Amino acid sequence: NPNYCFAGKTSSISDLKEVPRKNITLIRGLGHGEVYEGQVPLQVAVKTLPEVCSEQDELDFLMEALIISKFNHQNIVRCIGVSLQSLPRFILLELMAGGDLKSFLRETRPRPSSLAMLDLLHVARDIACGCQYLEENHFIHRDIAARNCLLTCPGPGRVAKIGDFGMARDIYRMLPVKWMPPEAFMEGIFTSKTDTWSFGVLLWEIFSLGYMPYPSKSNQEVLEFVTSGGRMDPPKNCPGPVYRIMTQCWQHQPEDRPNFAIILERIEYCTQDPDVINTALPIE
Ligand SMILES: C[C@@H](Oc1cc(-c2cccc(S(C)(=O)=O)c2)cnc1N)c1cc(F)ccc1N1NC=CN1
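Residues numbered from 1 in each chain as written, not as in the entry; some residues may be left out. Heavy atoms only, no water.

**Overview of the environment of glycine 230**
Step number 1: The residue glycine 230 is located in the loop between helix 7 (219–227) and helix 8 (240–249) in this model.
Step number 2: Looking at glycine 230, the relative accessible area reads 10%, which means it is buried. (Helix = DSSP H or I, 4+ residues; strand = E, 2+ residues; numbered from the N terminus. Buried < 20%, exposed > 50% of the residue type's maximum accessible area, 1.4 Å probe, protein only.)

**Remarks on the pattern of salt bridges**
Step number 1: Under the criterion given, the structure shown has twelve salt bridges.
Step number 2: Through salt bridges that share partners, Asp60, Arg169, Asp170 and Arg173 make up one connected network. (Salt bridge = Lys/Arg side-chain N within 4 Å of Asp/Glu carboxyl O.)

**Description of the site of the ligand**
Step number 1: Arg28, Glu94, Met96, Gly163 and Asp164 are the nearest of the 18 residues found near the ligand.
Step number 2: One of the backbone nitrogen or oxygen atoms of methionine 96 is found 2.8 Å away from a nitrogen atom of the ligand.
Step number 3: Take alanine 97: an N or O atom from its main chain is 3.3 Å from an oxygen atom of the ligand.
Step number 4: Protein contacts shield 81% of the accessible area of the ligand, which totals 630 Å² for the unbound molecule.
Step number 5: Of all elements in the fold, only strand 3 (25–31), strand 7 (90–94) and strand 8 (99–100) reach the threshold of two or more residues within the shell around the ligand.
Step number 6: By residue number, the principal contributor to the shell around the ligand is strand 3, which donates three residues.
Step number 7: Classifying every residue of the shell around the ligand by side-chain character gives eight nonpolar, five polar and five charged.
Step number 8: Among the domains, domain 1 (1–95) and domain 2 (96–273) are the pair contributing at least three residues each to the shell around the ligand. (Near = heavy atom within 4 Å. Polar contact = N/O pair within 3.5 Å; in protein donor to acceptor, adjacent residues only side chain to side chain. Areas by Shrake-Rupley, 256 points an atom, 1.4 Å probe, with all protein chains shown as cover. Nonpolar A, V, L, I, M, F, W, Y, C, P; charged D, E, K, R; others polar. Domains from an automatic or database assignment.)

**Focus: the domain arrangement of the chain**
Step number 1: For the chain, the domain assignment lists domain 1 (1–95) and domain 2 (96–273).
Step number 2: The C-alpha centroid of domain 2 is placed 26 Å from the C-alpha centroid of domain 1.
Step number 3: Contacts between domain 1 and domain 2 engage 22 residues on the former and 21 residues on the latter.
Step number 4: With both sides pooled, the region where domain 1 packs onto domain 2 buries about 1900 Å², and carbon together with sulfur makes up 60% of that total.
Step number 5: Applying the counting criterion to the domain 1 and domain 2 interface returns three salt bridges.
Step number 6: Only strand 1 (4–6) and helix 1 (55–70) provide two or more residues apiece to the side of domain 1 that touches domain 2. (Contact = heavy atoms within 4.5 Å. Buried area = accessible area lost by both parts, 1.4 Å probe.)

Listed below in structure tokens is the structure:
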């Protein structure tokens, strides 16, 4: 059984909370291996490992379990436990009834039939807080993007959390190029400033209300665009103060990009600014 180290502490499969299979009930699919809504009553999202898999897939699954179980922060999805001693094997996560952030943005965007700038700034703050936690614990996420974030509920009290760690698990042992800084896809150098760049792209995703980054551009086109200094324009109706956070996250030199403490400070300032939060989002 392979070990996992986070924050200088070492854990193993034995440290995972094994939940008796008989105590676990599947309710319905949530999409995808496959993920189900379940009960243990505690509501859970149940990630499954296909029984037809390689020994490598099984190690990947175990490592994902260790990674999430060892985090402790309000903006990172909780792991209730695992069921690894029955097949198919389960990882049990906090059920985020709001679903993934990218689909939420698409589905909840203002129309003649609702969201405000403050809703978006709150999502941004939430994820930035999670990223700050990762940064201060020297963990590089490597794939900070709307598709990897979840919401506790559809309504105003929603809290956003980072909910997937598959890329980080792979690296611990298909590239998200549109979310990566120049030194990452060029030299394969990763640091906390890698996540800062990605957060800038997530910020664009959020204030565009769920558009794919670099509209009309392919991966290689983005690679060449970003490498030569190209940056995305502001999303429709995006306040200048918010766009300026994005452009700071996308500084070419990693040292010129803000850490997440500074990012959080800037998001907070935007939230206070009436001219920012009084700005209406577009209605499609
Ligand atoms: C592993 C999975 O975890 C979850 C999904 C949903 C969740 C996702 C979508 C919709 C709903 S719903 C129908 O209950 O509103 C709940 C709610 N809680 C989770 N803990 C997940 C984590 C992410 F960070 C991003 C996407 C997903 N998936 N995987 C398969 C589907 N989403």
